[PDB]
2 protein chains.
Amino acid sequence: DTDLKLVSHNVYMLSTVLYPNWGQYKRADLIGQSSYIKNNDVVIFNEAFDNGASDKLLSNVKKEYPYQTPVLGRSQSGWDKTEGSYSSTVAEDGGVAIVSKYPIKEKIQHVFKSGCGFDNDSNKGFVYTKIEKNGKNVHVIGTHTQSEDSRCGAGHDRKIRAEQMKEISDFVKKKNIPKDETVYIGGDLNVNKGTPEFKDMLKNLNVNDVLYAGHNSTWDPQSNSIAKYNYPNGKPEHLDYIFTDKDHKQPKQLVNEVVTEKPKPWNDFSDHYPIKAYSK
Amino acid sequence: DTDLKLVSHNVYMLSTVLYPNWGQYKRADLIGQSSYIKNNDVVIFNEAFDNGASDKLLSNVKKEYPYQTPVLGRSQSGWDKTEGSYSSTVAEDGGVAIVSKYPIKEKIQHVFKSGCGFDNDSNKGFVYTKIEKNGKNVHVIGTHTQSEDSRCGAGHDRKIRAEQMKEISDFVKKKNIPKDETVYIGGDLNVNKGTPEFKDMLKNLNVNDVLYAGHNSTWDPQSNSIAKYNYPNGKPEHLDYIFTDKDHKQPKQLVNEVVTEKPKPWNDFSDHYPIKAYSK
Ligand SMILES: [Cl-]
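Residues numbered from 1 in each chain as written, not as in the entry; some residues may be left out. Chains lettered and ligands numbered in written order. Heavy atoms only, no water.

- Header annotation of the entry names X-ray crystallography as the structure determination method and lists the resolution as 3.350 Å.

- The name that the PDB entry assigns to chain A is Beta-hemolysin, with the source organism given as Staphylococcus aureus.
- A UniProt comment under Sequence similarities (unreviewed entry) is attached to chain A, and it reads "Belongs to the neutral sphingomyelinase family." (UniProt positions renumbered as here; feature names shortened; annotations may be inferred.)

Take a look at the structure:
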């Protein structure tokens, strides 16, 4: 009734201009065709940076999830409200967007005020949506927090992620949402499960941990072709989550299921080859 | 000036309803992206049966080849003229379509009158197009004749293929096309090269043999992943051709080149996996 079936998914669409050979396009189509993307109520996207592939993606899933938001921190247009340190003069956007099966009553973007090197030359932040499903109001916040970056002063990734999450949980309190409506928060939060920092994220976001299902890492270089190419001998991390603010209505038993769907490789175009014909 | 750069290609898109795990969709995208499909004047498609992937395909290539025909035998609409034993009560269409860089001044479909089992519960036949390039008229007939079928009475494959081709070469005589304009005929003709039947096809289609380049088979179980899956220990055939009616202008030196391009195919959606969230 009021509990949704969300999907978050960092989709690793880097600016096709600086990073040209990653089929950002080809993969946005692949996503549209996947099973996992079907039959949900709201989807949160992350690292959806590239304007083109951004569109390609949001477009594909427009049929089923008609109600969408801009991509966080791209422009001030199309948003009901724009708060925090939004900059026009920065390199990339927040790469966060929310699509939805049911009507979006309100959409608001928020650019984090704090930001560590390389990642702060962008409008990383969070997107808030009030959605109306079956007469009741529900709330979804998508975000993609500070990434672990080499540039960053040792320990800054965490100190800043903390500021950034406090920015979120603060936005929720001040938003005055009635205690009997659910508020979801989720996306690539860049904090590995079962670490010191995880305990902090729970407090800073003001959420409770949830129940997990399926795969036990979301960034897994070992079982995951693209992760593997980038960091061959790297340790898998569980970075993507969907929580619910603890001070508002809790869904019946909230689960996060990591889904490991992979596109079927086609190694040839057809069982036949093509004929070219010309006059030499 | 009047001679074209064609591509025919049987694309093995069976009805996604009876044959669902063949990425007919995923493959129609892959084709749009290939190299071989670029920089031609006319492309002929075959076994383009499924309505959905049919569209996906015809859509991808619309940019470069705007002028298209419907898929042979699907419906009577969109066709300037509809001759032969077209039926409405058959299972599948002819799966033949022609797209083109230059305008299509006339498009006509023809359903073969003869048909051998399994393959005859369908509107297999040929598509004719008059196309206008640089002021001159040129003519392209795509077709996909009777397939070698187990059901078929021993020897009927061939006897019907022959009727069907005579139906084409007859359509060409009675079409009153000017001897000084070229008439191309091509597609999976289901006739292996260097066999007895091959000599017949040349007479029945009223064409001359051409010069060959590149790979020497078009259906090759051994180098082609899909062929291999279906007929592991099967012998490679040359089945796809593009000839020109011998009683009309001949191109300067016609060549069929079998193109052995192979899609480099991505394996994961992102470096991250998707999170599904729900309340169980
Ligand atoms: Cl910007």
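1. So, the sheet that holds strand β10 (residues 211-214) of chain A
Next, step 1: Taken in spatial order, the seven strands line up as β3(A)-β5(A)-β2(A)-β1(A)-β13(B)-β12(A)-β10(A) in an open sheet, and their pairing is mixed. Of all the strands in the sheet, just β3 (67-68) and β10 of chain A have a single pairing partner and so form its edges.
Next, step 2: Pairing of strand β1 (residues 6-13) of chain A with strand β13 (residues 275-279) of chain B involves three bridges; the strand directions are antiparallel. In the sheet register, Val7(A) faces β13(B), and the bridge partner there is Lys276(B). (Pairing = 2+ DSSP bridges. Helix = DSSP H or I, 4+ residues; strand = E, 2+ residues; numbered from the N terminus.)

2. Digging into the state of the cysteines
Residue and element names in this part refer to chain A.
Next, step 1: For the structure on display, the rule yields two disulfides over all chains.
Next, step 2: With a sulfur-sulfur separation of 2.0 Å, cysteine 116 is cross-linked through a disulfide to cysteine 152. One end of the pair, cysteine 116, is in the loop between β6 (104-111) and β7 (125-133); the other, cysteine 152, is in the loop between β8 (136-143) and α3 (156-173), and 36 residues separate them in sequence. Residue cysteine 116 shares its accessibility class with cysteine 152, and that shared class is buried. (Disulfide = S-S within 2.5 Å. Buried < 20%, exposed > 50% of the residue type's maximum accessible area, 1.4 Å probe, protein only.)

3. Let's talk about the UniProt feature "binding site: Mg(2+)" (unreviewed entry) in chain A
Next, step 1: Summarizing the sequence annotation, UniProt attributes the feature "binding site: Mg(2+)" (unreviewed entry) to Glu47(A) in the numbering used throughout.
Next, step 2: With respect to the element layout, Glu47(A) can be found in strand β2 (residues 42-48).
Next, step 3: Apart from residues lying up to four places away in sequence, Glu47(A) is in contact with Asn10(A), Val11(A), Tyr12(A), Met13(A), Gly95(A), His144(A), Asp271(B) and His272(B). (Contact = heavy atoms within 4.5 Å.)

4. Focus: the relation of the copies chain A and chain B
Next, step 1: The transform that puts chain A on chain B rotates by 174 degrees and translates by 0.8 Å along the axis, for an RMSD of 1.3 Å.
Next, step 2: A high fraction, 97%, of the interface residues of chain A reappear at the interface in chain B, so the copies pair face to face through one surface. (Least-squares fit on C-alpha atoms.)

5. Observations regarding the interface of chain A and chain B
Next, step 1: Listed as interface residues are 70 residues of chain A and, on the opposing side, 69 residues of chain B.
Next, step 2: Interface area, chain A with chain B, both sides summed: about 6600 Å², of which 57% is carbon and sulfur.
Next, step 3: Contact with chain B buries surface across chain A, with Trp266(A), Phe269(A) and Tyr273(A) losing the most and accounting together for 17% of the total.
Next, step 4: Along the contact surface separating chain A from chain B lie two salt bridges.
Next, step 5: Residues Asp268(B) and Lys262(A) are paired through a salt bridge, measuring 2.5 Å at the closest nitrogen-oxygen approach.
Next, step 6: If you look at where chain A meets chain B, you find 44 residue pairs in polar contact.
Next, step 7: Among the elements of the structure, β1, α1 (24-33), β9 (183-188), α5 (225-230), β11 (240-244), β12 (254-258) and β13 (275-279) of chain A are those that each provide at least two residues to the side of chain A that touches chain B.
Next, step 8: The element that contributes the greatest number of residues to the side of chain A that touches chain B is β1(A), accounting for seven residues. (Buried area = accessible area lost by both parts, 1.4 Å probe. Salt bridge = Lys/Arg side-chain N within 4 Å of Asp/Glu carboxyl O. Polar contact = N/O pair within 3.5 Å; in protein donor to acceptor, adjacent residues only side chain to side chain.)

6. Section: the side chain of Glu237(A)
All names here are of chain A.
Next, step 1: By the element assignment, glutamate 237 lies in the loop between α5 and β11.
Next, step 2: The side chain of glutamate 237 sits in the buried core without any salt bridge; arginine 161 is the nearest counter-charge, 7.8 Å away.
Next, step 3: For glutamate 237, the residues in contact, after removing those within four places along its chain, are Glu148, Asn192, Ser217, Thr218 and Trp219. (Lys, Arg positive; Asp, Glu negative; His and termini not counted.)

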